[PDB]
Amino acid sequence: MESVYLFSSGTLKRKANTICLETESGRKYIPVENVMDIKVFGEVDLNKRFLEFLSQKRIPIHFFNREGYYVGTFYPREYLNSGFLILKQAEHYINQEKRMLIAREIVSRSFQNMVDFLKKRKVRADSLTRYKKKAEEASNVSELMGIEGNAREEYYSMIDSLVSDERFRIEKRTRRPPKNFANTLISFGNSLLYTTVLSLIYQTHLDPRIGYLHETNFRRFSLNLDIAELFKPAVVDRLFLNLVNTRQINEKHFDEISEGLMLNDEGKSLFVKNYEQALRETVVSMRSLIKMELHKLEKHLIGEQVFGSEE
């Protein structure tokens, strides 16, 4: 299935069966047949009937503001409903041991994906081992989240080595507004990935509001944040290195506005193009891989294909 990006401003409405964007120039027609989700970077007006249409065609829509920051998602009514699996997803959260199992699995796979990302490029990863060891010794999920963060930070280091352009380095991790080039790209890519995983969760019986590594408070989607940790090297990080090495993205692609950096229309479309094609890549697609690990979680929640060992 395909992911639709709208950078142009206009009005969203269903035409017959299709989505139409009416701009101040002309009409853009996008067919819904193959569409899994929509990402809106432009300024758009829409009505509820348009949302009802998206809901019936099972297409979520993600909204980004002009600075390129993710504001939120319209999540359609779930068409995949399973009492048992939802029950299992929740009892696996409220059970402290079961929750720890899943969370540790998430972290463990994140670390290995980081480590082979680095080894694939013939970079010595030899650190992160202390973070891996600190991860096994942890007694609770919260400490695990902090360890995962410090490991990612250290791994972002060992990345920058292999970026020539100095000033195009991560330095240290910046939010909320990215304070330089690298983080702007990394934050944007991560965002695209969060929404991607989110759209994919919608294609399963899982509820995106219950995560494991990231605590479930009901202030946000969690599960998509958890799963995204696995795929950050393969999608975002390879994209970042590939993009900055070929100099396809340059200083012309950032705007000094906003007390920090934004990614412009400019690099947004370029980023989106490369990012997307990164999702079609195959041994099965990257996007199918994300769905597969979601499936693997579901198999786990109901007792098939356990993580770790039977105790």
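Quick note: we count residues from 1 along the sequence shown, nothing fancier.
Colleague: In terms of residues present in the deposited sequence but not modelled, what lies between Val283 and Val284: none, 1 to 3, 4 to 9, or 10 or more?
Modeller: The entry leaves 4 to 9 residues without coordinates here.
Colleague: So 122-130 or 233-241, which one's hotter by mean CA B-factor in the entry?
Modeller: For C-alpha atoms only, the mean B-factor is higher in 122-130.
Colleague: Between 177-185 and 192-200, which has the larger average Cα B-factor in the PDB entry?
Modeller: Between 177-185 and 192-200, it is 177-185.
Colleague: When the CA B-factors of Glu105, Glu148, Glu97, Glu166 are compared as recorded in the entry, which is the largest?
Modeller: Comparing C-alpha B-factors across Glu105, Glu148, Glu97, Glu166, the top value belongs to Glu166.
Colleague: Between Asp37, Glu259, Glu43, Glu276, let me know which has the highest C-alpha B-factor in the entry?
Modeller: Highest C-alpha B-factor among the listed residues goes to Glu259.
Colleague: Where does the C-alpha B-factor of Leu263 rank in its chain, lowest, middle or highest third?
Modeller: Highest third of the chain for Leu263's C-alpha B-factor.
Colleague: According to the PDB entry, is the CA B factor of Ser161 in the bottom, middle or top third of its chain, that is, lowest, middle or highest?
Modeller: Highest third.
Colleague: With respect to C-alpha B-factor, does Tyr69 fall in the lowest, middle or highest third of the chain as deposited?
Modeller: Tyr69: CA B-factor falls in the middle third of its chain.
Colleague: What third of its chain's C-alpha B-factors does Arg109 belong to: lowest, middle or highest?
Modeller: Middle third - that is where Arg109 ends up once the chain's C-alpha B-factors are sorted.
Colleague: If you rank the chain by CA B-factor, which third does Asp116 end up in: lowest, middle or highest?
Modeller: Ranked within chain, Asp116 CA B lands in the highest tercile.
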